[PDB]
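Peer 1: input.cif (mmCIF, C-alpha atoms and all ligand atoms) pasted underneath:
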data_structure
#
loop_
_atom_site.label_atom_id
_atom_site.label_comp_id
_atom_site.auth_asym_id
_atom_site.auth_seq_id
_atom_site.Cartn_x
_atom_site.Cartn_y
_atom_site.Cartn_z
CA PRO K 1 86.87 131.35 109.13
CA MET K 2 86.09 127.70 109.73
CA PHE K 3 87.65 124.69 108.04
CA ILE K 4 86.25 121.17 108.39
CA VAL K 5 87.92 118.02 107.04
CA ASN K 6 86.11 114.66 106.87
CA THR K 7 88.33 111.77 105.76
CA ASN K 8 88.55 107.96 105.77
CA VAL K 9 92.21 108.25 106.82
CA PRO K 10 92.75 106.69 110.28
CA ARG K 11 93.12 108.82 113.40
CA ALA K 12 96.71 107.66 113.97
CA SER K 13 97.66 109.02 110.55
CA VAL K 14 96.74 112.58 111.54
CA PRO K 15 99.95 114.40 112.62
CA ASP K 16 99.87 115.83 116.14
CA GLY K 17 100.40 119.42 115.04
CA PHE K 18 98.03 119.26 112.08
CA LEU K 19 95.33 121.45 113.65
CA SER K 20 97.84 124.16 114.55
CA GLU K 21 99.37 124.02 111.07
CA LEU K 22 95.96 124.39 109.44
CA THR K 23 95.20 127.26 111.81
CA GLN K 24 98.42 129.13 111.01
CA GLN K 25 98.17 128.53 107.26
CA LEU K 26 94.53 129.58 107.14
CA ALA K 27 95.33 132.72 109.13
CA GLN K 28 98.01 133.65 106.61
CA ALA K 29 95.87 132.71 103.62
CA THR K 30 92.75 134.59 104.75
CA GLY K 31 94.55 137.56 106.29
CA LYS K 32 92.57 137.02 109.48
CA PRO K 33 94.12 136.76 112.93
CA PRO K 34 94.51 133.17 114.20
CA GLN K 35 92.18 133.86 117.14
CA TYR K 36 89.25 133.81 114.71
CA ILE K 37 90.16 130.53 113.02
CA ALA K 38 88.41 127.24 113.80
CA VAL K 39 89.58 123.85 112.50
CA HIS K 40 87.88 120.45 112.75
CA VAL K 41 89.29 117.16 111.48
CA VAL K 42 87.20 113.99 111.41
CA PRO K 43 89.20 110.81 110.59
CA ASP K 44 88.11 107.18 110.27
CA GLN K 45 85.03 108.04 108.23
CA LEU K 46 83.06 105.62 106.07
CA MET K 47 83.31 107.27 102.66
CA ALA K 48 83.45 106.55 98.96
CA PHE K 49 84.81 108.85 96.27
CA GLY K 50 84.16 107.86 92.68
CA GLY K 51 83.01 104.49 93.99
CA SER K 52 86.37 103.78 95.65
CA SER K 53 87.34 103.80 99.35
CA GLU K 54 90.94 104.86 98.77
CA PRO K 55 91.96 107.85 100.91
CA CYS K 56 89.77 110.88 100.23
CA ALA K 57 88.48 114.01 101.94
CA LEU K 58 85.31 116.08 101.88
CA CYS K 59 85.94 119.55 103.26
CA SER K 60 84.24 122.87 103.84
CA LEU K 61 85.58 126.38 104.34
CA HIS K 62 83.24 129.02 105.75
CA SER K 63 84.31 132.65 105.64
CA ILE K 64 82.66 136.03 105.93
CA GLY K 65 83.86 137.42 102.61
CA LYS K 66 87.26 136.54 101.13
CA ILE K 67 85.46 133.94 99.02
CA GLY K 68 85.46 133.87 95.23
CA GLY K 69 86.91 132.43 92.05
CA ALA K 70 90.57 133.40 92.24
CA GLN K 71 90.71 133.26 96.03
CA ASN K 72 89.09 129.81 96.17
CA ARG K 73 91.61 128.44 93.69
CA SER K 74 94.37 129.67 95.99
CA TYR K 75 92.68 128.04 99.00
CA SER K 76 92.34 124.78 97.07
CA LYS K 77 96.03 124.69 96.16
CA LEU K 78 96.98 125.43 99.77
CA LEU K 79 94.59 122.95 101.38
CA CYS K 80 95.01 120.11 98.88
CA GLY K 81 98.75 120.53 99.37
CA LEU K 82 98.45 120.12 103.13
CA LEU K 83 96.08 117.16 102.89
CA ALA K 84 98.42 115.48 100.40
CA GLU K 85 101.58 116.16 102.41
CA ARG K 86 100.23 115.45 105.89
CA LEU K 87 97.46 112.90 105.28
CA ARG K 88 98.71 111.44 101.99
CA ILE K 89 95.42 112.10 100.23
CA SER K 90 95.67 112.65 96.49
CA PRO K 91 94.36 116.11 95.49
CA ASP K 92 91.99 114.57 92.96
CA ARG K 93 90.20 112.75 95.77
CA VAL K 94 89.50 115.96 97.69
CA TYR K 95 86.39 118.14 97.51
CA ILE K 96 86.18 121.48 99.30
CA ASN K 97 82.89 123.35 99.53
CA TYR K 98 83.37 127.10 99.92
CA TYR K 99 80.73 129.15 101.72
CA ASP K 100 80.60 132.95 101.78
CA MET K 101 78.75 133.66 105.02
CA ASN K 102 76.87 136.85 105.84
CA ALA K 103 77.94 138.44 109.13
CA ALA K 104 74.33 138.28 110.34
CA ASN K 105 74.35 134.50 109.86
CA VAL K 106 77.42 133.72 111.94
CA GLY K 107 76.85 133.42 115.68
CA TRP K 108 79.59 133.91 118.28
CA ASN K 109 79.80 134.92 121.93
CA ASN K 110 76.03 135.20 122.59
CA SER K 111 75.41 137.28 119.47
CA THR K 112 76.37 137.49 115.78
CA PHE K 113 78.75 139.59 113.71
CA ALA K 114 75.86 141.81 112.66
CA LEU K 115 76.21 144.54 115.30
CA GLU K 116 75.22 147.57 113.26
CA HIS K 117 71.43 147.47 113.26
CA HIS K 118 68.41 146.63 115.41
CA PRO F 1 77.54 115.77 93.61
CA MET F 2 78.14 114.76 97.20
CA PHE F 3 75.81 113.01 99.63
CA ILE F 4 76.19 112.78 103.42
CA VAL F 5 74.00 110.69 105.77
CA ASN F 6 74.14 111.14 109.54
CA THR F 7 72.12 108.57 111.50
CA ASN F 8 71.71 107.03 114.95
CA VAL F 9 71.38 103.60 113.36
CA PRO F 10 74.31 101.41 114.47
CA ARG F 11 77.21 100.77 112.11
CA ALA F 12 76.49 97.03 112.19
CA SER F 13 73.07 97.74 110.64
CA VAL F 14 74.69 99.35 107.60
CA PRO F 15 74.55 96.63 104.89
CA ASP F 16 77.44 95.66 102.63
CA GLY F 17 76.96 97.51 99.34
CA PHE F 18 75.30 100.58 100.82
CA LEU F 19 77.89 103.16 99.72
CA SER F 20 78.09 101.63 96.24
CA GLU F 21 74.31 101.57 95.86
CA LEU F 22 74.09 105.21 96.91
CA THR F 23 76.84 106.06 94.42
CA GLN F 24 75.12 104.20 91.58
CA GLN F 25 71.65 105.58 92.33
CA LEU F 26 72.96 109.13 92.66
CA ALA F 27 74.82 108.86 89.35
CA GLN F 28 71.57 107.70 87.77
CA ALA F 29 69.41 110.38 89.39
CA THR F 30 71.76 113.33 88.89
CA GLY F 31 73.05 112.14 85.53
CA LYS F 32 76.63 112.72 86.68
CA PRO F 33 79.27 110.04 86.03
CA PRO F 34 79.95 107.69 88.99
CA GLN F 35 83.54 108.94 89.10
CA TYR F 36 82.29 112.35 90.30
CA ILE F 37 80.15 111.08 93.15
CA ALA F 38 81.22 111.22 96.79
CA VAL F 39 79.22 109.47 99.52
CA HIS F 40 79.70 109.60 103.29
CA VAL F 41 77.75 107.61 105.87
CA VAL F 42 78.00 108.39 109.57
CA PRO F 43 76.36 105.76 111.84
CA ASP F 44 75.97 105.62 115.63
CA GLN F 45 75.15 109.31 116.00
CA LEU F 46 73.56 110.94 119.03
CA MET F 47 70.36 112.38 117.56
CA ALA F 48 66.75 113.18 118.28
CA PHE F 49 63.99 113.88 115.77
CA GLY F 50 60.78 115.33 117.17
CA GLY F 51 62.18 114.70 120.64
CA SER F 52 62.47 110.95 119.99
CA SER F 53 65.60 108.85 119.41
CA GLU F 54 63.98 106.22 117.21
CA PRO F 55 65.88 105.69 113.93
CA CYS F 56 66.28 108.92 111.99
CA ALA F 57 68.64 110.54 109.51
CA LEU F 58 69.87 114.03 108.70
CA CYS F 59 71.32 114.27 105.20
CA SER F 60 72.74 116.71 102.69
CA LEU F 61 73.14 116.65 98.92
CA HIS F 62 75.47 119.15 97.27
CA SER F 63 75.45 119.45 93.49
CA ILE F 64 76.61 121.85 90.81
CA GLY F 65 73.20 122.36 89.25
CA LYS F 66 70.57 119.61 89.04
CA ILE F 67 69.01 121.14 92.15
CA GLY F 68 65.45 122.36 91.92
CA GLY F 69 61.80 121.90 92.76
CA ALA F 70 60.86 118.69 90.97
CA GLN F 71 64.39 117.28 90.96
CA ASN F 72 64.67 117.58 94.74
CA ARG F 73 61.32 115.87 95.25
CA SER F 74 62.64 113.08 93.05
CA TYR F 75 65.88 112.86 95.06
CA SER F 76 63.92 112.67 98.30
CA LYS F 77 61.81 109.77 97.06
CA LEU F 78 64.95 107.96 95.91
CA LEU F 79 66.99 108.59 99.05
CA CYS F 80 64.18 108.05 101.56
CA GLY F 81 63.36 104.85 99.73
CA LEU F 82 66.93 103.63 100.16
CA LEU F 83 67.21 104.66 103.79
CA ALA F 84 63.94 102.90 104.61
CA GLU F 85 64.87 99.70 102.79
CA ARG F 86 68.52 99.48 103.83
CA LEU F 87 68.64 101.20 107.23
CA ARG F 88 64.99 100.70 108.23
CA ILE F 89 64.53 104.42 108.82
CA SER F 90 61.00 105.75 108.35
CA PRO F 91 60.83 108.42 105.63
CA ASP F 92 59.09 110.83 107.99
CA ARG F 93 62.15 110.77 110.23
CA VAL F 94 64.54 111.88 107.50
CA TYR F 95 65.61 115.42 106.62
CA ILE F 96 67.69 116.18 103.52
CA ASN F 97 69.24 119.59 102.91
CA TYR F 98 69.80 120.35 99.22
CA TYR F 99 72.51 122.78 98.09
CA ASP F 100 73.00 124.14 94.57
CA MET F 101 76.73 124.86 94.45
CA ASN F 102 78.39 127.34 92.11
CA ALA F 103 81.31 125.63 90.36
CA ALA F 104 83.71 128.33 91.58
CA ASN F 105 82.79 127.35 95.14
CA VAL F 106 83.74 123.68 94.79
CA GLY F 107 87.44 123.00 95.17
CA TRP F 108 89.09 119.90 93.71
CA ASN F 109 92.56 118.78 92.62
CA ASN F 110 94.32 122.02 93.64
CA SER F 111 91.77 124.20 91.84
CA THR F 112 88.01 124.70 91.42
CA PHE F 113 85.44 123.60 88.83
CA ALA F 114 85.10 127.12 87.47
CA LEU F 115 88.46 126.23 85.95
CA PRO R 1 64.59 123.23 111.98
CA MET R 2 67.71 121.24 112.72
CA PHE R 3 70.58 122.00 115.06
CA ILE R 4 73.97 120.28 115.00
CA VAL R 5 76.64 120.69 117.71
CA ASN R 6 80.18 119.43 117.08
CA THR R 7 82.45 119.74 120.11
CA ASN R 8 85.69 118.45 121.63
CA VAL R 9 83.90 118.01 124.96
CA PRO R 10 83.89 114.27 125.79
CA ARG R 11 80.69 112.23 125.57
CA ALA R 12 80.80 111.57 129.32
CA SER R 13 80.36 115.30 129.91
CA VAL R 14 77.14 115.58 127.88
CA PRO R 15 74.44 115.66 130.59
CA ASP R 16 71.30 113.50 130.67
CA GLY R 17 68.52 115.59 129.15
CA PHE R 18 70.68 117.62 126.79
CA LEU R 19 69.03 116.68 123.47
CA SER R 20 65.56 117.13 124.92
CA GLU R 21 66.38 120.55 126.34
CA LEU R 22 67.81 121.62 122.98
CA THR R 23 64.69 120.29 121.31
CA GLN R 24 62.25 122.10 123.59
CA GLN R 25 64.20 125.37 123.75
CA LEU R 26 64.53 125.48 119.96
CA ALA R 27 60.81 124.79 119.48
CA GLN R 28 60.14 127.71 121.82
CA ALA R 29 62.66 130.06 120.20
CA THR R 30 61.52 129.27 116.64
CA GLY R 31 57.82 129.09 117.46
CA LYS R 32 57.76 125.74 115.70
CA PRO R 33 56.21 122.58 117.10
CA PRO R 34 58.66 120.12 118.73
CA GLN R 35 57.61 117.41 116.26
CA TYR R 36 59.59 119.22 113.56
CA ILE R 37 62.80 119.78 115.53
CA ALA R 38 65.89 117.66 114.90
CA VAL R 39 68.99 117.80 117.10
CA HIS R 40 72.40 116.19 116.61
CA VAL R 41 75.24 116.28 119.13
CA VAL R 42 78.74 115.13 118.22
CA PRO R 43 81.23 114.96 121.14
CA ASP R 44 84.88 113.90 121.36
CA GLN R 45 85.82 115.81 118.22
CA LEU R 46 89.35 116.72 117.16
CA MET R 47 89.04 120.48 116.79
CA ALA R 48 90.71 123.79 117.58
CA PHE R 49 89.37 127.30 118.11
CA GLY R 50 91.93 130.08 117.77
CA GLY R 51 94.58 127.37 117.68
CA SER R 52 93.64 126.21 121.18
CA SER R 53 92.18 122.80 122.06
CA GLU R 54 90.26 124.10 125.07
CA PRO R 55 86.53 123.29 124.97
CA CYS R 56 84.83 124.73 121.91
CA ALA R 57 81.88 124.06 119.62
CA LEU R 58 81.06 124.50 115.95
CA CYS R 59 77.32 124.52 115.34
CA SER R 60 74.70 125.01 112.64
CA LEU R 61 71.01 125.86 112.64
CA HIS R 62 68.91 125.30 109.52
CA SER R 63 65.39 126.69 109.38
CA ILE R 64 62.86 127.49 106.69
CA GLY R 65 62.48 131.15 107.58
CA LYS R 66 62.83 132.52 111.10
CA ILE R 67 66.43 133.39 110.21
CA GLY R 68 67.63 136.99 110.33
CA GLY R 69 69.48 139.76 112.14
CA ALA R 70 67.68 140.06 115.48
CA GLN R 71 66.39 136.48 115.46
CA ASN R 72 69.88 135.02 114.99
CA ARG R 73 71.34 137.15 117.78
CA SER R 74 68.57 135.74 119.97
CA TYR R 75 69.32 132.15 118.90
CA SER R 76 72.99 132.80 119.67
CA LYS R 77 72.29 134.05 123.19
CA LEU R 78 70.05 131.05 123.85
CA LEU R 79 72.36 128.39 122.43
CA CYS R 80 75.62 129.81 123.80
CA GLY R 81 73.92 129.99 127.18
CA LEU R 82 72.96 126.32 126.97
CA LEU R 83 76.41 125.23 125.76
CA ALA R 84 77.99 127.24 128.58
CA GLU R 85 75.67 125.90 131.26
CA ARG R 86 75.53 122.27 130.11
CA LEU R 87 78.87 121.60 128.42
CA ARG R 88 80.89 124.30 130.17
CA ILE R 89 81.94 125.81 126.86
CA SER R 90 82.82 129.51 126.84
CA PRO R 91 80.51 131.52 124.51
CA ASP R 92 83.51 133.11 122.82
CA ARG R 93 84.67 129.64 121.76
CA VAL R 94 81.42 128.87 119.94
CA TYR R 95 80.55 129.44 116.29
CA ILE R 96 77.05 128.90 114.92
CA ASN R 97 76.33 129.00 111.19
CA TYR R 98 72.73 129.97 110.43
CA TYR R 99 71.05 128.79 107.22
CA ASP R 100 67.76 130.13 105.90
CA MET R 101 66.62 127.17 103.79
CA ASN R 102 64.12 127.40 100.93
CA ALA R 103 61.22 124.97 101.36
CA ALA R 104 62.03 123.49 97.94
CA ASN R 105 65.51 122.63 99.19
CA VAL R 106 64.44 120.66 102.26
CA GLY R 107 63.51 117.03 101.78
CA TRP R 108 61.32 115.00 104.13
CA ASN R 109 59.08 111.96 103.89
CA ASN R 110 59.77 111.13 100.22
CA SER R 111 59.29 114.71 99.02
CA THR R 112 60.11 118.30 99.98
CA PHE R 113 58.26 121.18 101.63
CA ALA R 114 57.57 122.80 98.26
CA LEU R 115 54.20 121.33 97.36
CA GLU R 116 52.76 124.19 95.33
CA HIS R 117 54.20 123.84 91.84
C1 LIG B 1 85.37 133.06 109.74
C2 LIG B 1 84.24 132.12 110.18
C3 LIG B 1 84.39 131.31 111.30
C4 LIG B 1 83.35 130.49 111.71
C5 LIG B 1 82.15 130.47 111.00
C6 LIG B 1 82.00 131.28 109.88
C7 LIG B 1 83.05 132.10 109.47
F1 LIG B 1 82.89 132.89 108.38
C8 LIG B 1 85.24 134.42 110.43
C9 LIG B 1 85.07 134.51 111.81
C10 LIG B 1 84.95 135.75 112.43
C11 LIG B 1 85.00 136.91 111.66
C12 LIG B 1 84.87 138.16 112.26
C13 LIG B 1 84.92 139.30 111.46
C14 LIG B 1 85.10 139.15 110.08
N1 LIG B 1 85.22 137.95 109.54
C15 LIG B 1 85.17 136.83 110.28
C16 LIG B 1 85.29 135.59 109.67
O1 LIG B 1 85.46 135.51 108.32
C1 LIG B 2 63.29 123.07 110.04
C2 LIG B 2 64.33 122.27 109.25
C3 LIG B 2 64.62 120.96 109.59
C4 LIG B 2 65.57 120.24 108.87
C5 LIG B 2 66.24 120.84 107.81
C6 LIG B 2 65.95 122.16 107.47
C7 LIG B 2 65.00 122.87 108.19
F1 LIG B 2 64.73 124.15 107.85
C8 LIG B 2 61.88 122.83 109.48
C9 LIG B 2 61.39 121.54 109.33
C10 LIG B 2 60.10 121.33 108.82
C11 LIG B 2 59.31 122.42 108.48
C12 LIG B 2 58.03 122.24 107.98
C13 LIG B 2 57.26 123.35 107.65
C14 LIG B 2 57.81 124.62 107.82
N1 LIG B 2 59.03 124.77 108.30
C15 LIG B 2 59.80 123.72 108.63
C16 LIG B 2 61.08 123.92 109.14
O1 LIG B 2 61.55 125.19 109.29
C1 LIG B 3 79.91 116.40 92.70
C2 LIG B 3 80.03 117.39 93.86
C3 LIG B 3 80.94 117.12 94.88
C4 LIG B 3 81.11 118.03 95.92
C5 LIG B 3 80.38 119.22 95.93
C6 LIG B 3 79.48 119.49 94.91
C7 LIG B 3 79.30 118.57 93.88
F1 LIG B 3 78.41 118.84 92.90
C8 LIG B 3 80.43 117.01 91.39
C9 LIG B 3 81.80 116.99 91.16
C10 LIG B 3 82.33 117.56 90.00
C11 LIG B 3 81.48 118.16 89.08
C12 LIG B 3 81.98 118.75 87.92
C13 LIG B 3 81.10 119.34 87.02
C14 LIG B 3 79.74 119.33 87.31
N1 LIG B 3 79.29 118.77 88.42
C15 LIG B 3 80.10 118.18 89.31
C16 LIG B 3 79.58 117.61 90.47
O1 LIG B 3 78.24 117.67 90.68
#
Once you've parsed the file, please lay out its structure as C-alpha cells.
Peer 2:
Amino acid sequence: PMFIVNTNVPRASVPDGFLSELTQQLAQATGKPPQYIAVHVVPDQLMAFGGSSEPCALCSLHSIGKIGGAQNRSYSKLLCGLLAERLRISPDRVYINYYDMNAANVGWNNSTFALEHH
Amino acid sequence: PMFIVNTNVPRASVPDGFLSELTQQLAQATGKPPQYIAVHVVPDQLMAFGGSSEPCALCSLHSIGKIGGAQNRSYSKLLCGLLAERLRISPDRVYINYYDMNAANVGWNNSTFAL
Amino acid sequence: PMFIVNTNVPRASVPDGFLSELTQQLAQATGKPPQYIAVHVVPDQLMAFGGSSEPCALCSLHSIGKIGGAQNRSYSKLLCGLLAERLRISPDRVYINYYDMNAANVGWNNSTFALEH
C-alpha cells in the first residue's frame, strides 16, 4: 500500500511524526504489516480547489486489493480525519483517488508481486 | 475532475491567472461546476522528453466520466493550447494521461462519491 | 512511455547523466524509439518506506502496451538496478506502479493516440 499527499500547506506545518502516524494508521486500516507501507507527503504545492487556494489536498492510495466501496469510505474517514487534525485541511477540500493494483503491475525488489507464472 | 501539470518551466514563467484559467476552461470543457475542479501546477521539475530538456510537460486529468475518445482529443487541444500560450511549451512535448474514475474510488469529505 | 521517480535522495546525489541513461535504457527495454520517452526525477522528497526514512523511491511507468507479467518483472530488474547503482537505493525499498494505458487515454500534440474513430 502506498499513500501520497499533495498539499499547498507549508512544509513547517507538517508535524515531525506525520509520516510514521500515517504508516501506522494505514497498516492498521489495511491489515497489512507496516513494512509494506509507503507514505509520501508533498507540501508547499501550487494548487487550487474549487477556484480557491485555501488549504487543500489531492491524494492517492494504491493497494493490491482491499479497495472498494465500503472500504474506501472507511479510508476516506480515516485519512480526511488525519489531514484535518494534523494539517488543518477541511475534509471537503480533500480528494483521494483509490487505485486497486494488480500484483503483476506492482514492482518491488527487482521483480513484481506476480511470482506464480512464467 | 482534477488536473495536474508537471513541467520543467520555471515558476517565474507561470503567469498570474494560470490556475484560475485552467479551472474555468476545465469547468467549461467537462461541464462540471467550477466548485468541483482541482488544479495543481508543479514548475521547476527535472525532466527530459525525447532525451531533451527543452520545455515539456507531463499531465494527468482524472474525471468521473466525461472521459472518452473524442472528449479526450478535445481536452488535449484545449490543454495543449493553454500550455503553449501560457507556458510556451510546444504541444509535441506534452503528454496527458486521462483516467476515467469510478465514483466509489474518489474519496472526499470523509466519504466517497458513490455515496 | 513515461517514467517518474520520486525519492528522498537529495538532488546533489543524482549523478550527471541520470535522465539520459533512464531514457536510453527505457527505449531499449520497451523497444520504443527514444523520441517518445519521457523521464521525470523528483529528489529531496519527504517520504517513508516501511516507516523508515532511509533512501527509497516510489516510481511509475506508463506505456501503451508492453506492460505485463514477464515484461514488468524485466522492467523492475532494470530500473531497480539503475536506482541501486546510481542513487544507492536498495531494491527492496523501491515500488514501481505499472500502467498499461489505452491509446485513446494518452494525449499528445493537441490530440491523442487514438486516430481511428
Ligand atoms: C501496497 C502497495 C504499495 C506500493 C504500490 C502499490 C501497492 F498496492 C502493497 C504492497 C505490497 C503488497 C504485497 C502483497 C500484497 N499486497 C501488497 C500491497 O497491497
Ligand atoms: C508511452 C507513454 C508516454 C506518456 C504517457 C503514456 C505513455 F504510454 C508512449 C508514448 C507515445 C506512443 C506513441 C505510439 C505508441 N506508443 C506510445 C507510447 O507507448
Ligand atoms: C472532480 C474530480 C476530482 C478528483 C478525482 C476525480 C474527479 F473527477 C470531480 C469531483 C466531484 C465529482 C462529483 C460527481 C461527478 N464528478 C465529479 C468530479 O468529476
Peer 1: Report as a PyMOL selection string the set of chain R residues whose atoms approach chain K to within 9 Å, with distances computed over all atoms listed in the file.
Peer 2: chain R and resi 6+45-52+58-59+67-70+72-81+90-100
Peer 1: Just to confirm, what's the straight-line distance from CA of residue 4 in chain F to atom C12 of ligand LIG 1 (chain B) in Å (one decimal)?
Peer 2: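 A separation of 28.2 Å between them.
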Peer 1: Name the residues within 6 Å of (69.1, 121.2, 113.1), counting all atoms listed in the file in the file's coordinates, and put them as a PDB file with C-alpha atoms, in the frame of the given file.
Peer 2:
ATOM      1  CA  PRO R   1      64.590 123.230 111.980  1.00  0.00           C
ATOM      2  CA  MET R   2      67.710 121.240 112.720  1.00  0.00           C
ATOM      3  CA  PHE R   3      70.580 122.000 115.060  1.00  0.00           C
ATOM      4  CA  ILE R   4      73.970 120.280 115.000  1.00  0.00           C
ATOM      5  CA  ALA R  38      65.890 117.660 114.900  1.00  0.00           C
ATOM      6  CA  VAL R  39      68.990 117.800 117.100  1.00  0.00           C
ATOM      7  CA  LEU R  61      71.010 125.860 112.640  1.00  0.00           C
ATOM      8  CA  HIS R  62      68.910 125.300 109.520  1.00  0.00           C
TER       9      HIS R  62
END
Peer 1: Can you work out which residues from chain R touch chain F at a cut-off of 6 Å (counting only C-alpha atoms) and hand them back as a PyMOL selection string?
Peer 2: chain R and resi 20+34-41+104-112
Peer 1: Counting all atoms listed in the file, a student should be able to say which residues of chain K come within 10 Å of chain F; what is the right answer, written as number ranges by chain?
Peer 2: K: 6-8, 45-53, 56-61, 67-81, 90-100
Peer 1: Do you know which residues lie at most 12 Å from (50.8, 125.5, 95.5), with coordinates as in the file and all atoms listed in the file counted, and could you write them as an MDAnalysis selection string?
Peer 2: (chainID F and resid 69) or (chainID R and resid 103:104 113:117)
Peer 1: Export C-alpha atoms of the chosen residues as an mmCIF file, keeping the file's coordinate frame?
Peer 2:
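result-v4.cif was written with the following content:
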data_model
loop_
_atom_site.group_PDB
_atom_site.id
_atom_site.type_symbol
_atom_site.label_atom_id
_atom_site.label_comp_id
_atom_site.auth_asym_id
_atom_site.auth_seq_id
_atom_site.Cartn_x
_atom_site.Cartn_y
_atom_site.Cartn_z
ATOM 1 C CA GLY F 69 61.800 121.900 92.760
ATOM 2 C CA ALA R 103 61.220 124.970 101.360
ATOM 3 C CA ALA R 104 62.030 123.490 97.940
ATOM 4 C CA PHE R 113 58.260 121.180 101.630
ATOM 5 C CA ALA R 114 57.570 122.800 98.260
ATOM 6 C CA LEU R 115 54.200 121.330 97.360
ATOM 7 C CA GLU R 116 52.760 124.190 95.330
ATOM 8 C CA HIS R 117 54.200 123.840 91.840
#
Peer 1: Report the distance between CA of residue 7 in chain R and CA of residue 86 in chain R in Å, rounded to one decimal place.
Peer 2: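 Atom-to-atom, CA of residue 7 in chain R and CA of residue 86 in chain R are spaced 12.4 Å apart.
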Peer 1: So, counting all atoms listed in the file, which residue among F:55, F:15, F:88, F:29 is closest to ligand LIG 3 (chain B)?
Peer 2: F:29
Peer 1: Tell me, in Å to one decimal, how far CA of residue 82 in chain F is from CA of residue 16 in chain F.
Peer 2: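 Atom-to-atom, CA of residue 82 in chain F and CA of residue 16 in chain F are spaced 13.4 Å apart.
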Peer 1: Specify the axis-aligned box that encloses all atoms of ligand LIG 3 (chain B) listed in the file after padding of 6 Å on each side, stating its centre and edge lengths in Å to one decimal as JSON.
Peer 2:
{"center_x": 80.3, "center_y": 117.9, "center_z": 91.5, "size_x": 16.1, "size_y": 15.1, "size_z": 20.9}
Peer 1: Could you add N, CA and C atoms to range 56-71 of chain K and give me the result as a PDB file, in the coordinates of the input?
Peer 2:
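New file out31.pdb:
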ATOM      1  N   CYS K  56      90.423 109.711 100.813  1.00  0.00           N
ATOM      2  CA  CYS K  56      89.770 110.880 100.230  1.00  0.00           C
ATOM      3  C   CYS K  56      89.398 111.850 101.348  1.00  0.00           C
ATOM      4  N   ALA K  57      88.928 113.029 100.964  1.00  0.00           N
ATOM      5  CA  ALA K  57      88.480 114.010 101.940  1.00  0.00           C
ATOM      6  C   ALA K  57      87.358 114.864 101.378  1.00  0.00           C
ATOM      7  N   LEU K  58      86.347 115.107 102.204  1.00  0.00           N
ATOM      8  CA  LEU K  58      85.310 116.080 101.880  1.00  0.00           C
ATOM      9  C   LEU K  58      85.438 117.197 102.909  1.00  0.00           C
ATOM     10  N   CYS K  59      85.592 118.420 102.415  1.00  0.00           N
ATOM     11  CA  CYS K  59      85.940 119.550 103.260  1.00  0.00           C
ATOM     12  C   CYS K  59      84.977 120.706 103.051  1.00  0.00           C
ATOM     13  N   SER K  60      84.959 121.620 104.011  1.00  0.00           N
ATOM     14  CA  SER K  60      84.240 122.870 103.840  1.00  0.00           C
ATOM     15  C   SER K  60      85.059 124.010 104.432  1.00  0.00           C
ATOM     16  N   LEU K  61      85.017 125.164 103.776  1.00  0.00           N
ATOM     17  CA  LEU K  61      85.580 126.380 104.340  1.00  0.00           C
ATOM     18  C   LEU K  61      84.505 127.460 104.376  1.00  0.00           C
ATOM     19  N   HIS K  62      84.157 127.902 105.580  1.00  0.00           N
ATOM     20  CA  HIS K  62      83.240 129.020 105.750  1.00  0.00           C
ATOM     21  C   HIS K  62      84.024 130.281 106.044  1.00  0.00           C
ATOM     22  N   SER K  63      83.696 131.363 105.350  1.00  0.00           N
ATOM     23  CA  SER K  63      84.310 132.650 105.640  1.00  0.00           C
ATOM     24  C   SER K  63      83.322 133.774 105.404  1.00  0.00           C
ATOM     25  N   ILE K  64      83.425 134.828 106.203  1.00  0.00           N
ATOM     26  CA  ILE K  64      82.660 136.030 105.930  1.00  0.00           C
ATOM     27  C   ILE K  64      83.465 136.859 104.925  1.00  0.00           C
ATOM     28  N   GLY K  65      83.057 136.814 103.661  1.00  0.00           N
ATOM     29  CA  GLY K  65      83.860 137.420 102.610  1.00  0.00           C
ATOM     30  C   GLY K  65      85.128 136.635 102.333  1.00  0.00           C
ATOM     31  N   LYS K  66      86.001 137.190 101.495  1.00  0.00           N
ATOM     32  CA  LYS K  66      87.260 136.540 101.130  1.00  0.00           C
ATOM     33  C   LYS K  66      86.978 135.197 100.471  1.00  0.00           C
ATOM     34  N   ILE K  67      85.852 135.126  99.772  1.00  0.00           N
ATOM     35  CA  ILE K  67      85.460 133.940  99.020  1.00  0.00           C
ATOM     36  C   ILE K  67      85.197 134.352  97.581  1.00  0.00           C
ATOM     37  N   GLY K  68      85.636 133.532  96.631  1.00  0.00           N
ATOM     38  CA  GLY K  68      85.460 133.870  95.230  1.00  0.00           C
ATOM     39  C   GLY K  68      86.408 133.125  94.317  1.00  0.00           C
ATOM     40  N   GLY K  69      86.195 133.256  93.011  1.00  0.00           N
ATOM     41  CA  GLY K  69      86.910 132.430  92.050  1.00  0.00           C
ATOM     42  C   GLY K  69      88.403 132.322  92.254  1.00  0.00           C
ATOM     43  N   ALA K  70      89.113 133.443  92.161  1.00  0.00           N
ATOM     44  CA  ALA K  70      90.570 133.400  92.240  1.00  0.00           C
ATOM     45  C   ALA K  70      91.023 133.017  93.641  1.00  0.00           C
ATOM     46  N   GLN K  71      90.347 133.555  94.649  1.00  0.00           N
ATOM     47  CA  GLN K  71      90.710 133.260  96.030  1.00  0.00           C
ATOM     48  C   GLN K  71      90.519 131.777  96.342  1.00  0.00           C
TER      49      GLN K  71
END
